[PDB]
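What's in data_6.cif: mmCIF, C-alpha atoms
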data_protein
loop_
_atom_site.label_atom_id
_atom_site.label_comp_id
_atom_site.auth_asym_id
_atom_site.auth_seq_id
_atom_site.Cartn_x
_atom_site.Cartn_y
_atom_site.Cartn_z
CA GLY A 14 -19.76 4.86 109.42
CA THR A 15 -20.78 1.43 108.09
CA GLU A 16 -24.28 1.35 109.62
CA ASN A 17 -24.96 4.93 108.41
CA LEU A 18 -23.91 4.05 104.85
CA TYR A 19 -26.09 0.93 104.93
CA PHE A 20 -29.23 2.56 106.36
CA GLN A 21 -28.90 5.70 104.20
CA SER A 22 -28.60 3.52 101.12
CA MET A 23 -31.73 1.55 102.17
CA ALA A 24 -33.76 4.73 102.82
CA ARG A 25 -33.03 6.21 99.36
CA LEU A 26 -34.78 3.34 97.56
CA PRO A 27 -38.43 2.81 96.76
CA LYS A 28 -40.22 0.06 98.66
CA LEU A 29 -42.16 -1.04 95.53
CA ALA A 30 -41.55 -0.66 91.79
CA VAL A 31 -44.77 -0.72 89.78
CA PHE A 32 -44.75 -1.40 86.03
CA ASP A 33 -47.39 -1.16 83.35
CA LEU A 34 -47.20 -4.02 80.82
CA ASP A 35 -48.03 -2.95 77.22
CA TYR A 36 -45.33 -0.59 75.86
CA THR A 37 -43.39 -0.78 79.16
CA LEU A 38 -42.24 -4.43 79.35
CA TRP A 39 -43.15 -5.38 75.75
CA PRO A 40 -43.60 -3.37 72.48
CA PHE A 41 -47.28 -4.04 71.77
CA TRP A 42 -50.86 -4.14 73.07
CA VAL A 43 -51.53 -7.74 74.20
CA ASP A 44 -55.30 -7.40 73.43
CA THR A 45 -54.76 -6.14 69.84
CA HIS A 46 -51.44 -6.80 68.10
CA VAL A 47 -51.04 -10.53 68.79
CA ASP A 48 -53.36 -13.54 68.76
CA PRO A 49 -53.33 -15.58 71.97
CA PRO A 50 -52.61 -18.15 73.31
CA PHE A 51 -48.83 -18.12 73.37
CA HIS A 52 -46.09 -20.70 73.64
CA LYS A 53 -42.31 -20.84 73.83
CA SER A 54 -40.90 -22.53 70.71
CA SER A 55 -37.99 -24.97 70.65
CA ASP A 56 -35.58 -22.15 69.76
CA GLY A 57 -36.59 -20.24 72.94
CA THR A 58 -38.75 -17.63 71.11
CA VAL A 59 -42.26 -16.99 72.42
CA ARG A 60 -44.84 -16.93 69.62
CA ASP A 61 -48.60 -16.44 69.29
CA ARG A 62 -51.05 -18.87 67.68
CA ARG A 63 -50.30 -17.47 64.19
CA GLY A 64 -46.52 -17.86 64.69
CA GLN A 65 -45.81 -14.16 65.32
CA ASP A 66 -42.82 -13.53 67.62
CA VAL A 67 -43.44 -11.97 71.00
CA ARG A 68 -40.63 -10.52 73.06
CA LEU A 69 -39.74 -8.16 75.88
CA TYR A 70 -37.86 -4.91 75.30
CA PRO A 71 -34.22 -6.12 75.32
CA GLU A 72 -33.05 -4.52 78.61
CA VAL A 73 -36.15 -5.53 80.62
CA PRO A 74 -34.61 -8.70 82.10
CA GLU A 75 -31.51 -6.73 83.22
CA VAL A 76 -33.70 -3.94 84.64
CA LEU A 77 -35.69 -6.40 86.75
CA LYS A 78 -32.53 -8.25 87.87
CA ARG A 79 -31.05 -4.87 88.96
CA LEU A 80 -34.15 -4.06 91.06
CA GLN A 81 -33.92 -7.53 92.62
CA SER A 82 -30.21 -6.92 93.40
CA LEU A 83 -31.25 -3.69 95.16
CA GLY A 84 -33.98 -5.47 97.17
CA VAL A 85 -36.87 -3.59 95.49
CA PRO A 86 -39.97 -5.78 95.00
CA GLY A 87 -42.20 -5.39 91.96
CA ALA A 88 -45.85 -5.05 91.06
CA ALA A 89 -47.85 -4.88 87.81
CA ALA A 90 -50.74 -2.52 86.92
CA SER A 91 -52.34 -2.92 83.46
CA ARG A 92 -55.71 -1.94 81.94
CA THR A 93 -55.54 -4.64 79.23
CA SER A 94 -58.72 -6.58 78.36
CA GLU A 95 -56.57 -9.64 77.50
CA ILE A 96 -56.04 -10.73 81.11
CA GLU A 97 -55.37 -14.44 80.44
CA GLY A 98 -52.85 -13.58 77.69
CA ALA A 99 -51.07 -10.99 79.80
CA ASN A 100 -50.72 -13.55 82.62
CA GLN A 101 -49.48 -16.20 80.16
CA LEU A 102 -46.74 -13.84 78.94
CA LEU A 103 -45.66 -13.14 82.54
CA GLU A 104 -45.33 -16.91 82.97
CA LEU A 105 -43.49 -17.60 79.66
CA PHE A 106 -41.01 -14.72 80.15
CA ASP A 107 -40.32 -16.03 83.74
CA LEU A 108 -41.51 -12.77 85.37
CA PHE A 109 -44.14 -14.02 87.89
CA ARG A 110 -41.39 -14.41 90.50
CA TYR A 111 -40.79 -10.66 90.38
CA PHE A 112 -44.41 -9.52 89.98
CA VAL A 113 -46.05 -11.05 93.06
CA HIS A 114 -48.78 -8.40 93.25
CA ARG A 115 -50.73 -7.68 90.07
CA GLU A 116 -53.73 -5.57 89.04
CA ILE A 117 -54.47 -6.61 85.46
CA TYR A 118 -57.96 -5.64 84.18
CA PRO A 119 -59.66 -2.65 82.49
CA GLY A 120 -60.27 0.17 84.97
CA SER A 121 -58.81 3.33 86.48
CA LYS A 122 -55.14 3.22 87.41
CA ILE A 123 -56.23 4.98 90.63
CA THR A 124 -58.22 1.80 91.39
CA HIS A 125 -55.16 -0.35 90.50
CA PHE A 126 -53.03 1.70 92.92
CA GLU A 127 -55.61 1.54 95.75
CA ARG A 128 -55.60 -2.25 95.40
CA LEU A 129 -51.79 -2.49 95.21
CA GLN A 130 -51.56 -0.42 98.41
CA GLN A 131 -54.02 -2.79 100.07
CA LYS A 132 -52.07 -5.86 98.90
CA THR A 133 -48.62 -4.50 99.89
CA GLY A 134 -49.35 -2.00 102.70
CA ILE A 135 -46.81 0.41 101.16
CA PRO A 136 -47.51 4.16 101.30
CA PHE A 137 -47.83 5.81 97.88
CA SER A 138 -44.89 8.11 98.68
CA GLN A 139 -42.60 5.03 98.85
CA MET A 140 -43.63 3.69 95.41
CA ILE A 141 -42.06 4.30 92.03
CA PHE A 142 -44.09 3.76 88.81
CA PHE A 143 -42.95 3.33 85.18
CA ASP A 144 -45.54 3.84 82.34
CA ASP A 145 -45.43 4.76 78.64
CA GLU A 146 -48.63 6.87 78.87
CA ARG A 147 -48.15 10.45 80.08
CA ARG A 148 -51.80 10.63 81.23
CA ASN A 149 -51.12 7.80 83.74
CA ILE A 150 -48.02 9.59 84.98
CA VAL A 151 -50.14 12.70 85.60
CA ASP A 152 -52.91 10.82 87.39
CA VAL A 153 -50.89 8.51 89.63
CA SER A 154 -48.51 11.35 90.67
CA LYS A 155 -51.50 12.95 92.40
CA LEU A 156 -51.38 10.08 94.95
CA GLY A 157 -47.74 10.92 95.83
CA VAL A 158 -46.16 8.08 93.82
CA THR A 159 -42.92 9.00 91.99
CA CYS A 160 -43.91 8.48 88.37
CA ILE A 161 -41.38 8.04 85.55
CA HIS A 162 -42.55 8.46 81.95
CA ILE A 163 -41.28 5.75 79.58
CA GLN A 164 -40.31 6.44 76.00
CA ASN A 165 -39.46 3.51 73.72
CA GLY A 166 -39.76 0.85 76.41
CA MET A 167 -38.28 0.25 79.83
CA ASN A 168 -34.44 0.25 79.90
CA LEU A 169 -31.40 0.60 82.22
CA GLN A 170 -31.00 4.37 81.72
CA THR A 171 -34.69 4.91 82.61
CA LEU A 172 -34.23 2.78 85.73
CA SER A 173 -31.12 4.77 86.78
CA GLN A 174 -32.79 8.11 86.09
CA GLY A 175 -35.95 6.96 87.90
CA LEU A 176 -34.09 5.86 91.02
CA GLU A 177 -32.18 9.14 91.24
CA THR A 178 -35.41 11.12 90.74
CA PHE A 179 -36.99 9.13 93.59
CA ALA A 180 -33.95 9.65 95.86
CA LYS A 181 -33.98 13.43 95.25
CA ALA A 182 -37.77 13.63 95.77
CA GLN A 183 -37.65 12.64 99.45
#
So, in terms of structure tokens, how does the structure I just supplied come out?
Amino acid sequence: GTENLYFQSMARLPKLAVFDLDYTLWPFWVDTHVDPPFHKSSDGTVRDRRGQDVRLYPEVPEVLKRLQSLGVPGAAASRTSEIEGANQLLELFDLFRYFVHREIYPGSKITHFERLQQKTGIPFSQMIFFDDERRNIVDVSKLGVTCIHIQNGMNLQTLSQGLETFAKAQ
């Protein structure tokens, strides 16, 4: 039936997709490997104050568009010390629209997740989380979040695999 297909499809999806920043959305540490502030050049390339190029992993825009097409809102959770620079990159890559709720500061990821739950009201069991660091996957899984370990940046295959893992885990 049409309503059954619709509601079953809705129920299989996470209610929040949480992303780390460094090595998840972009291939570097924002507090170490680049020299802020940043700007977008006339050719459309974002660069740091020494003229070094800064970009997202190539499939990140498509990944985030796909989540949006599925109705899954986003959040950011990063321990970077370069908070201003991280927020400037979110602006320059046109990602603030997707990442409404953000915990960007040094600290425990368990603290980040507590604060994201407060800001969104979403139970941990209805969250999915993508992170390059296995230790974060181990820790945040203890809260009941479905945690997907990233290798070599976020991409479409990782998103697909993650969503299926989440759907099976219910």
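Neighbours of residue 155 (chain A) closer than or equal to 12 Å, with all atoms listed in the file counted and sequence neighbours fewer than 2 positions away skipped, come out as residues 122, 123, 126, 137, 138, 148, 149, 150, 151, 152, 153, 157, 158, 159 and 160 of chain A.
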* To do: Compile the contact shell of region 90-96 of chain A as a PyMOL selection string: residues with an atom at most 12 Å away, counting only C-alpha atoms, same-chain residues fewer than 6 positions apart removed.
  => chain A and resi 30-38+41-50+102-103+112-130+142-146+149+153
Go ahead and find all residues with at least one atom no further than 7 Å from (-40.2, 1.1, 74.1) in the file's coordinates, using only C-alpha atoms; report them as a PDB file with C-alpha atoms, keeping the file's coordinate frame.
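Saved as selection04.pdb:
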ATOM      1  CA  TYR A  36     -45.330  -0.590  75.860  1.00  0.00           C
ATOM      2  CA  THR A  37     -43.390  -0.780  79.160  1.00  0.00           C
ATOM      3  CA  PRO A  40     -43.600  -3.370  72.480  1.00  0.00           C
ATOM      4  CA  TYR A  70     -37.860  -4.910  75.300  1.00  0.00           C
ATOM      5  CA  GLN A 164     -40.310   6.440  76.000  1.00  0.00           C
ATOM      6  CA  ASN A 165     -39.460   3.510  73.720  1.00  0.00           C
ATOM      7  CA  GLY A 166     -39.760   0.850  76.410  1.00  0.00           C
ATOM      8  CA  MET A 167     -38.280   0.250  79.830  1.00  0.00           C
TER       9      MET A 167
END
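Our summary of the geometry notes that CA of residue 57 (chain A) is positioned 19.1 Å from CA of residue 110 (chain A).
Coordinates place CA of residue 84 (chain A) at a distance of 25.0 Å from CA of residue 99 (chain A).
The coordinates place CA of residue 168 (chain A) at 24.6 Å from CA of residue 56 (chain A).
Here the question is which of A:111, A:147, A:133, A:154 gets nearest to residue 78 (chain A) using all atoms listed in the file, and that residue is A:111.
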